[PDB]
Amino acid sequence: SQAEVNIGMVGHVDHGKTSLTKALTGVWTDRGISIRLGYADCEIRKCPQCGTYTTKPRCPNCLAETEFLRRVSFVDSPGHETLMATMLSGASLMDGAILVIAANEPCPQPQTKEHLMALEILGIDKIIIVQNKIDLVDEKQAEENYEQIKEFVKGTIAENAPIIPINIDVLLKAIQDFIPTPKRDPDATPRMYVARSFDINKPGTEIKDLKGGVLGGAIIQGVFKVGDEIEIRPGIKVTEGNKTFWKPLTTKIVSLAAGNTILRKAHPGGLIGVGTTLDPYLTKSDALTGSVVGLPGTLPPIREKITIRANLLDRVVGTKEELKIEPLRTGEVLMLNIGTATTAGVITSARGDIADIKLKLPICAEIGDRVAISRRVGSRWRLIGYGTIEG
C-alpha cells in the first residue's frame, strides 16, 4: 500500500510541526524561491485488543500485533516562503492539513496567519488544529491561547476544525476521522509532476551494471503502471540542423515504489519513486525538476509565454514597505512557480489583474493551472502573489 493522502504540516517554523513530523514518521524534516517538496510517510496501525492507534508493528500498551489501516504522507518545505509558494503553485497536492500552533505565543503569529490564507485560497477544509506545548504555560495562559485560536479561525475555512491540545494515539485517530481519502477517478488521464530526479548509481559502477535514471513523481491524477511508455514534458534543449527547440523525452516505467514499498500501480498520494530507461546523466541532481509526465500524446501544451490572472497577497510577514501591496507592472521581471517548475519571466503587458508574461524557460501546463508569483523585494526574492493561467 502506498500513501492515500497528502497532508500539509503548516504553522510557524518553531511551533512544533518539525518534531511532530519526526514522531509520526521517523523522518527528520531536514537565489530564488524554488519548489522543494519534503515528503514523510506515516503508516497508521491499530491494535485489535486495546484499540490503541500507533505506527509500531506491536502494541505500546499490550505487545500485540497491530493491524494496518492506511498510509499517509506529510508534505513540508524548507522554509516559510518556499512552503507558501509550493502550495500556491499547486505543487503540493494537499487533500488536508495539520496546522500547528504553539500555546506559549500570541496567536495569530504572522507565518501562522499566512499559512491559513494559503489553505483557504486552496480550498483545503480537511484541517486538524494542534495546540502544541500545552505542558508549558499555565491554566490561564492556555484557555487564553485557546480563545485566541478560536478567534483567529473564526470566519475562515478552518472555523470548524478540531482543536487538539497535545500523544501519538489521539493524533492518528484524528487524522483518520477528519482527513479521509478522497474519491478519485480510476480512469482520469494519467498525469504526473516530477518533483525530484536522481542517479542512484554509486561511484564506480560498471557500465553494464548501470540503472536507468529515477524520477520522484507526485501524481496529480490517474494511475501509472509498471511497463507504461511515458513522455516527459518540457524535455531538453537540443540543436539539430539550424534549430534548437525543446525535445520531449520518451522512456518506459521500469519500476514504482512508495518509499521502500514495491508497487505495480501508483496513484495520487505521497512521492513515488519511478524507475525509468533514461540514461542517468539526464536525471542526476534533480536535473528534470518541474517536468510533467504522462502517456504519449496526452500531455498539456508547451508554453513559452502565458497570460495569467493574478491576486496580490495581503502579507503580514516581512518588514515595512516590504509589506507594501504593489500591482504588477509592464517590464517587471518575476520569478514564477507553476506545478513543480520554476522559471524567471518578464511582463510584456499588465492590464489590471491580468498580465502577459514571457518565460525564460518552457513550461508544460493546462489552462487553469496555478501560479505562484515572486519579485526581487531587495536582496532576495519574495512571494507577492498567486493566480491562474487563463491564456
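The first residue of the shown sequence is 1; numbering continues from there.
Asker: Quick one: classify how much of the deposited chain lacks coordinates between residue 166 and residue 167, choosing none, 1 to 3, 4 to 9, or 10 or more.
Answerer: Gap between residue 166 and residue 167: 4 to 9 residues without coordinates.
Asker: Indicate whether the chain is continuous between residue 366 and residue 367 or, if not, how many deposited residues are absent from the coordinates: none, 1 to 3, 4 to 9, or 10 or more.
Answerer: Nothing is missing between them.
Asker: Using only the Cα atoms and their B-factors as the entry lists them, report which of 341-349 and 42-50 averages higher.
Answerer: Going by the record's values, the stretch with the higher mean is 42-50.
Asker: Which has the higher mean CA temperature factor in the PDB entry, 149-157 or 119-127?
Answerer: It is 149-157 that shows the higher mean C-alpha B-factor.
Asker: Going by the deposited entry, which of 95, 177, 143, 228 has the highest CA temperature factor?
Answerer: Comparing C-alpha B-factors across 95, 177, 143, 228, the top value belongs to 143.
Asker: Which of these has the highest Cα B-factor in the record: 276, 283, 89, 319?
Answerer: Result of the comparison over 276, 283, 89, 319: 319.
Asker: Sorting the chain's modelled residues by C-alpha B-factor, tell me whether residue 246 ends up in the lowest, middle or highest third.
Answerer: Tercile = highest for this residue's CA B-factor.
Asker: Test of reading the entry: by CA B factor among the chain's modelled residues, which third contains residue 373?
Answerer: For residue 373, whose C-alpha B-factor we compare with every modelled residue in the chain, the answer is the lowest third.
Asker: Report the third (lowest, middle or highest) to which the CA temperature factor of residue 379 belongs, ranking only the modelled residues of the same chain.
Answerer: According to the entry, residue 379 has a C-alpha B-factor in the chain's highest third.
Asker: Considering only modelled residues of the same chain, in which third does the CA B-factor of residue 199 rank: lowest, middle or highest?
Answerer: As the PDB entry reports it, the C-alpha B-factor of residue 199 lands in the middle third of its chain.
Asker: Among all modelled residues of this chain, ranked by Cα B factor, put residue 70 in the bottom, middle or top third, i.e. lowest, middle or highest.
Answerer: Tercile = lowest for this residue's CA B-factor.
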